[PDB]
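**Q** Provided hereafter are the protein sequence and its experimental coordinates.
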Amino acid sequence: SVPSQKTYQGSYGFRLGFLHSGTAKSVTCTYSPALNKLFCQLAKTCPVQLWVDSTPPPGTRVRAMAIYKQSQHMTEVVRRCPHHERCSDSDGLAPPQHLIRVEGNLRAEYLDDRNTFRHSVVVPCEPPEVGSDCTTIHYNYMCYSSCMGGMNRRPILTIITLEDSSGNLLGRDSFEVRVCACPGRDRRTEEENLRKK
Ligand SMILES: Nc1cc(C(F)(F)F)cc(Br)c1N
Ligand SMILES: [Zn+2]
């Protein structure tokens, strides 16, 4: 009915990381630690770091799924709006209905859940690159938060789950997302609203 959003590092110490992109008017993606909220432009690269304390088993995967943040909307499937699901901006792999895409990974798989009808995109863990300390996945959000007939100004969360080869839970993290024209301005505004309040 409703996916859990409880943060869970699990045995491998799984958690997300975000770049420090700032809040200039020109910024296309920016993360607010105080709000735990990502602000991004439509269909632009959102780099999300995946951190672990130890390497999970071969066959481990990382899934992304959106849900509505407000409880009274949480049972509604988050999907692209009636305009964007029809605008033929297919990358050849993502179904046109899916809000969240993975960029530049030919091993990405897109799931329409047969029971819940929710959408998700999942990628397989690969051996850690030599010299690096984390891995980065690049997501795209394919509707504005404001899209009528879709998210319709309702806030969403992205839930990132670390899964074993059967789909069982190994780890979980999450963040709010606003897809908007001016992420820098909106992050500054919402952080100011938080400070005042
Ligand atoms: N090496 C690696 C580690 C992780 C983890 F989520 F475990 F951090 C996710 C991915 Br995708 C890769 N490729
Ligand atoms: Zn839309």
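**A** Cool, the structure landed. Numbers count the residues shown, from 1 in each chain. Ligands and ions are numbered 1, 2, ... in the order given.

**Q** please count neighbours and contacts with C-alpha atoms only from this point.
**A** Fine.

**Q** got a list of what residue 81 touches?
**A** Contacts for residue 81 (C-alpha atoms under 8 Å, 6 or more residues apart in numbering) come out as 97, 143, 147-151.

**Q** from residue 43, how far out is it?
**A** Separation of residue 81 from residue 43 (C-alpha to C-alpha, to the nearest Å): 14 Å.

**Q** do the same with residue 155
**A** 17 Å.

**Q** now swap in residue 119 and tell me
**A** From residue 119 to residue 43 the distance is 17 Å (C-alpha to C-alpha).

**Q** the more surrounded of the two?
**A** A count of neighbours by other C-alpha atoms under 10 Å puts residue 119 above the other of residue 119 and residue 43, at 22 against 18.

**Q** list phi and psi for that one.
**A** Backbone torsions for residue 119, taken as degrees, to the nearest 10, come to phi -100, psi 150.

**Q** does ligand 1 sit close to stretch 123-133?
**A** Yes - using C-alpha under 6 Å from any ligand atom, we find that stretch 123-133 touches ligand 1 at 123-128.

**Q** that stretch: end-to-end distance?
**A** In stretch 123-133, first residue to last residue: 19 Å (C-alpha to C-alpha).

**Q** buried among the contacts of residue 81? Make that a PyMOL selection.
**A** To isolate the buried ones among the contacts of residue 81 in PyMOL, judged by 16 or more other C-alpha atoms under 10 Å, type:
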select buried, resi 97+143+147+150+151
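
**Q** identify the farthest-apart pair in the contacts of residue 81.
**A** By the measure C-alpha to C-alpha, the contacts of residue 81 have their two most distant members at 97 and 148, which lie 14.5 Å apart.

**Q** was I right to think residue 170 contacts residue 10?
**A** Yes - if you go by C-alpha atoms under 8 Å, residue 170 and residue 10 touch, sitting 5.7 Å apart.

**Q** higher neighbour count, those two?
**A** In terms of neighbours (other C-alpha under 10 Å), residue 170 is the more surrounded of residue 170 and residue 10; the figures are 20 against 14.

**Q** tell me the contacts of that one?
**A** For residue 170, the contact set (C-alpha under 8 Å, 6+ apart) comprises 9-12, 161-164.

**Q** dump the host helix or strand of it to PDB, keeping only the CA atoms.
**A** Under the criterion of DSSP states H and E, residue 170 resides in strand 169-179. Once non-C-alpha atoms are left out, strand 169-179 reads as follows in PDB (Å, rounded to 0.1, in the frame of the first residue of the first chain):
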ATOM      1  CA  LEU A 169      16.000  -4.900   1.900                       C
ATOM      2  CA  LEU A 170      19.600  -4.300   2.700                       C
ATOM      3  CA  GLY A 171      19.500  -0.500   3.300                       C
ATOM      4  CA  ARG A 172      17.300   2.500   2.800                       C
ATOM      5  CA  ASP A 173      17.700   6.300   2.500                       C
ATOM      6  CA  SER A 174      15.400   9.100   1.200                       C
ATOM      7  CA  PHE A 175      15.200  12.700   0.300                       C
ATOM      8  CA  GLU A 176      12.500  15.200  -0.700                       C
ATOM      9  CA  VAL A 177      12.500  16.400  -4.300                       C
ATOM     10  CA  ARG A 178      11.200  19.600  -5.900                       C
ATOM     11  CA  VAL A 179      11.500  19.800  -9.700                       C
END
